[PDB]
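To keep things clear, I will list the structure first and then write my remarks on it.
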Amino acid sequence: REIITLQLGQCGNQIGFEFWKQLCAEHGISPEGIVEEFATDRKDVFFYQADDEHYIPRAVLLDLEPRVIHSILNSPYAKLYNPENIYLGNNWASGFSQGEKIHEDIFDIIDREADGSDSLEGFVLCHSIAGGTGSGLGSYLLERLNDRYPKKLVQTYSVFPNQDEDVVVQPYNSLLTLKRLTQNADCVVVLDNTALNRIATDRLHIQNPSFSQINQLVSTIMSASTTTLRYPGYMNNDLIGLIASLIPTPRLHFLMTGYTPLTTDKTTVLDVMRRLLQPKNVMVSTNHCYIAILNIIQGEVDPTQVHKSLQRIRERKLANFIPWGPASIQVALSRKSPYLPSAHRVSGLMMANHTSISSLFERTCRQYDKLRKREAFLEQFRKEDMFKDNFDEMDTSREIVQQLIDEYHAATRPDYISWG
Amino acid sequence: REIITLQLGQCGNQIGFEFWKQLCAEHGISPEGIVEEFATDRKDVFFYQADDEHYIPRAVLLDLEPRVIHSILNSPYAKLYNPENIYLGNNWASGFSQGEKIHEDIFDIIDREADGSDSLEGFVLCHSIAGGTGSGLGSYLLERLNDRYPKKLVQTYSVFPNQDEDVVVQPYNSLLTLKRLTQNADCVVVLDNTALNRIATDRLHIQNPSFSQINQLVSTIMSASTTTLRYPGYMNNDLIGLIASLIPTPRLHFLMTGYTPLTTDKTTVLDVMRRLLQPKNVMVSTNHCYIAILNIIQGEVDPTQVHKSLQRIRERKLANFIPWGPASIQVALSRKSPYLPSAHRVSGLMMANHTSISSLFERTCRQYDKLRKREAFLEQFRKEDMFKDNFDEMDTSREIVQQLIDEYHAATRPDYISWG
Amino acid sequence: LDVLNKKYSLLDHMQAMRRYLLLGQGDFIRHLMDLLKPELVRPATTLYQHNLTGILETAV
Amino acid sequence: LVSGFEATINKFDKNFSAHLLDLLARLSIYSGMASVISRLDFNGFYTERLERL
């Protein structure tokens with residue numbers, strides 16, 4: 001139904017602003033907010049139908065000691081949306097404490113926008129893992145959304161800002177935030193800026209404006225993930241129906257992302273299918289195995305040899321699903337939206353529950369573990385000591401994430417007829 | 001039939017002057033008084049058909065120590081009406097005593113205008129609750145109209161001047177004036193300048209000229225309330241037939257006001273119906289429940305679906321009327337008058353008997369009660385001591401208004417098959 | 001061909017027969033199942049037919 | 001005094017309740033054309049005071 005977007009952190013506000021400019025260009029709206037004569041799809045999933053004959057977008061901007069938010073403000077896409085939800089450290093404990101002291105009025109901002117809608121389906125959060133101002137604050141307020149709203153769904157869009165390796169307090173913040181993402185979130189979309197940056201430097205000659213083009217990539221992935229909700233389709237035009245199928249267990253809910261065009265400067269669905277299974281197309285990268293795969297393909301093709309393509313991929317015999325489960329690739333087809341010129345309009349995406357990310361979780365675990373062993377790279381700020389003098393929250397996050405790694409490895413194996 | 005307008009107090013004379021300028025612009029009359037060639041509706045409800053071929057309005061202006069009345073006088077709409085009824089403290093007791101000493105000649109002004117008409121239907125009073133010069137004087141003369149004229153009807157238009165909180169003698173004057181409004185008035189229209197001022201500051205960027213635009217809002221509400229009498233319609237073209245249906249008991253006769261356009265800078269009746277029930281449209285704001293609702297809708301629309309809209313609102317199942325009574329929303333339709341340009345000519349109004357105002361009565365009761373307990377905010381003027389040395393009129397007003405609060409709460413419940 | 005295409009409509013109206021009757025528009029069916037959850041899951045085999053037609057008229 | 005007033009009010013209250021519930025109930029058999037009956041009884045409080053059928 002109606003889904004409210006919450007953006008916090010500098011990186012989260014940046015990718016949210018890029019996404020809102022993307023939907024401004026996509027749908028028939030001005031940079032003013034008014035509906036145009038090239039509007040008619042559903043425009044009530046992200047835009048509040050306002051009383052100005054303006055489809056005013058539901059964009060809740062929160063920040064802590066803002067810098068780039070002022071550069072967002074002096075632009076014609078910060079008066080695109082203005083329903084009065086615009087509001088004005090570098091550690092997880094410091095951001096947690098600073099979010100603690102000002103939680104009331106921004107939670108009142110959340111409450112005002114929550115009753116302002118006719119209906120509610122989900123709160124989707126723009127976040128960056130250990131992004132500084134976003135970290136700690138986002139974990140605390142994520143806990144407060146899961147506490148205050150048990151009837152609604154929480155989605156988290158999170159990126160890991162790393163320029164191919166690194167901050168020494170970053171594994172602590174990622175461990176603590178990942179504990180919050182495990183137990184206070186319903187679905188977490190995790191991306192690696194290292195792999196995306198390497199693919200971006202490969203595909204073009206972009207090396208200095210890598211982050212700006214990464215914003216375009218994340219905006220296209222976000223718009224393609226919600227296109228079947230924004231545009232009239234058939235299935236899972238709520239968030240929860242889309243989220244439900246990929247998750248077999250509520251702790252394996254971290255989804256790997258895929259994207260078919262490696263540059264966008266006429267094929268059948270068979271080619272992009274056998275493409276996107278292979279890890280040249282995965283932008284976020286024992287043998288670790290998929291639990292469930294969901295694919296969304298958007299392009300100008302003639303959709304009947306999809307059953308023929310499923311025949312061909314089946315007996316090409318590339319990939320097998322999980323021992324205990326009779327799982328299956330789940331496939332949806334949509335149209336690529338007009339009002340943006342794109343050569344080769346075929347664009348594919350996969351949303352897949354993969355165990356490979358467990359290794360990367362263990363990678364962060366190993367980093368945190370060695371910094372826990374040396375104790376010269378926790379950097380000893382007074383906010384961290386005042387927040388937790390015993391640092392047993394790190395031990396709780398560590399034991400939960402180690403149970404998560406064991407659950408990952410047991411779900412890969414047929415030890416999910418047993419327990420691990 | 002023929003209804004005489006009495007305006008007293010500075011705020012009452014201001015909103016009356018705004019209403020008379022509104023009907024000067026509305027009907028085919030000059031700023032001179034003469035009928036024009038764009039006159040033909042009924043013009044004998046508020047304008048005396050005078051012998052000059054002038055429709056001279058029946059506007060009785062009374063004042064006590066006038067200030068703004070001189071600014072009213074030097075204007076072309078103070079020689080719009082002149083049938084010779086123009087006449088020239090800050091407490092309820094002081095205004096009461098000053099109205100006592102000069103009651104004879106202004107009552108002779110009332111008598112002259114009363115026999116000056118061919119017929120009489122009602123005396124409608126422009127008033128402001130604890131407005132200073134208006135308060136006390138208006139209560140005393142209201143008692144004298146109810147004493148001297150038992151065959152005629154008295155209506156009171158009253159606003160509560162409060163700039164979002166406040167005068168410390170104001171709860172005393174409102175309590176005493178409300179006692180007079182209970183037992184000497186037939187219908188009281190009560191508005192809150194706090195809620196109207198907040199909605200006015202919200203809808204536009206008016207904050208300093210809020211009072212002048214509030215005069216326009218009150219003038220439009222007054223003109224829309226009497227449009228079916230001024231313009232040829234079907235039903236309740238006397239005051240008493242309009243007043244009779246909303247009142248089940250002569251002490252619940254205080255009516256909540258509604259107004260559909262939140263700014264006026266093509267819809268069906270279904271939309272404005274499901275709008276105006278919701279408290280974003282109520283300009284004057286256990287769960288307190290309506291006893292009876294009357295709605296007047298004025299706009300250019302096709303009413304072939306008002307019965308369909310009643311079908312839809314019935315089975316949308318939003319609101320229920322009172323346990324003991326088989327009450328119903330009562331609906332009338334009129335046309336929005338020409339000779340004023342208004343974008344979106346659909347404008348809706350509700351006149352509804354609501355128990356919610358009892359809480360606001362209790363709010364004033366609580367304020368008066370705490371000032372009665374402290375006794376440093378009655379401000380001890382000699383007029384108050386000379387008027388009542390024992391202050392038992394406050395006790396009488398308090399016991400009557402407490403019986404009113406109990407009657408409100410018992411009428412909300414099914415204890416109006418019993419007594420409360 | 002043209003007398004069914006210009007005096008009434010044949011092609012335009014068959015699309016909605018696909019969309020509703022054969023459930024060819026599942027946005028329609030999803031929100032019909034969401035909004036009409038209580039009146040279905042509670043017995044409506046003692047409720048007159050015109051009420052369900054009337055609530056369908058606003059559901060579409 | 002009130003031995004004349006309250007007597008008429010009580011008897012007319014009970015008489016009015018009986019006959020009016022009867023009008024709404026005897027129109028419920030007709031139908032659609034079922035707008036009026038519990039449109040005068042806006043679904044909720046006063047769905048009744050005397051149960052019908």
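Here, each number is a calculation from the coordinates, and none is a lab measurement. Here the Cβ is made from the backbone with ideal geometry for all residues, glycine too, and neighbour counts use every protein chain on show.
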Taking θ = phi - 60°, what integer Hz values does the Karplus form 6.51 cos²θ - 1.76 cosθ + 1.60 yield along region A:231-247, in sequence order, with x for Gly and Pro? 9, x, x, 10, 10, 6, 8, 10, 5, 5, x, 5, 6, 5, 7, 7, 9
Taking all pairs of distinct alpha-carbon atoms in region B:204-245, Kirkwood radius in angstrom: 12.1 Å
Could you pull the Rg and Dmax for chain D, using just the Cα atoms, both in Å? 14.3, 50
Per-copy distances of the residue B:37 label point, shortest first, in nm (7 angstrom along Cα→Cβ): 4.0
Where does the charge balance sit around residue B:105 when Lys and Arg score +1, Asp and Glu -1, over other residues with C-beta under 11 Å from its C-beta? -1
Looking at the axis that maps chain A onto chain B, which chain A residue has the closest Cβ, and how far off is it in Å, rounded to a whole number? A:37, 87
On a 26 Å Cα-Cα criterion, which of the cross-link pairs B:308/B:336; A:79/B:280; B:152/B:388; A:151/A:336; A:336/C:37 come out too long? B:152/B:388; A:151/A:336; A:336/C:37
Hey, for residue A:303 with labels 7 Å out along Cα-Cβ, what do the inter-copy distances come to in nm, ordered shortest first? 4.9
At 222 nm, what value in deg cm²/dmol follows for chain B if DSSP H runs of at least 4 each add -39500 (n - 2.57) and the sum is divided by all its residues, to the nearest 500? -13000 deg cm²/dmol
What net charge is computed for the residues neighbouring residue A:94, neighbours being all others with C-beta under 10 Å from the C-beta of residue A:94, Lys and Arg scored +1, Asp and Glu -1? +1
Once all Cα-Cα distances of region A:279-420 are split into 5 Å bins that start at 0, what whole-number percent is in each one? 2, 7, 12, 14, 13, 11, 10, 9, 8, 7, 4, 2, 0
Based on the inverse mean of 1/r over its pairs of different Cα atoms, what is the Kirkwood hydrodynamic radius of region A:1-150, in Å? 15.8 Å
Enter the mean number of other protein chain beta carbons within 10 Å of the beta carbon of each residue in D:43-52, as an integer. 5
Using the Cβ atoms and a cut-off under 15 Å, what net charge is assigned to the surroundings of residue A:25, where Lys and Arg are +1 and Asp and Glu are -1? -1
Calc'd 3J(HN,Hα), region B:256-261, phi into Karplus 6.51 cos²θ - 1.76 cosθ + 1.60 (θ = phi - 60°), Hz, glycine/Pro = x, comes to 6, 10, x, 8, 7, x
Measuring from the lowest to the highest alpha carbon on each principal axis, how far does chain A reach, largest first, in angstroms? 62, 57, 45
Quick check of the Kirkwood formula: for the protein assembly as shown, what is the inverse mean of 1/r over all pairs of different Cα atoms, in Å? 33.7 Å
Between copies, how close do the residue A:213 label points come, placed 7 Å along Cα→Cβ, listed in nm from shortest? 5.0
Just to be sure I understand the model, the point goes 7 Å from the Cα along the line to the Cβ. What's the resulting residue B:107 to residue B:79 distance in nm? 3.5 nm
Counting only DSSP beta bridges with both partners in the protein assembly as shown, the antiparallel fraction in percent, to the nearest 5, comes to 40 percent
I want to check the label-to-label distance for residue B:143 and residue B:42. Put each point 7 Å from Cα in the C-beta direction and report it in nm to one decimal. 3.5 nm
Karplus-derived HN-Hα couplings along region B:395-402 (A = 6.51, B = -1.76, C = 1.60, θ = phi - 60°), whole Hz, x at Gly and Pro: 5, 5, 4, 5, 6, 5, 6, 6
Quick one: which residues, 5 or more positions from residue B:155 or on another chain, have an amide H under 5 Å from its amide H? H modelled 1.01 Å from N in the peptide plane, none for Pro or chain starts. B:123, B:124, B:125
Dividing the Cα convex hull volume of region A:111-217 by residue count, how many Å³ per residue is that? 124 Å³
Which residues qualify? For residue A:47, with a placed amide H closer than 5 Å and at least 5 residues away or on another chain, they are A:58
With DSSP loop assignment and no more than 16 other C-beta atoms within 10 Å, the chymotrypsin sites (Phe, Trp or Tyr not before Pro) in region A:192-265 are none
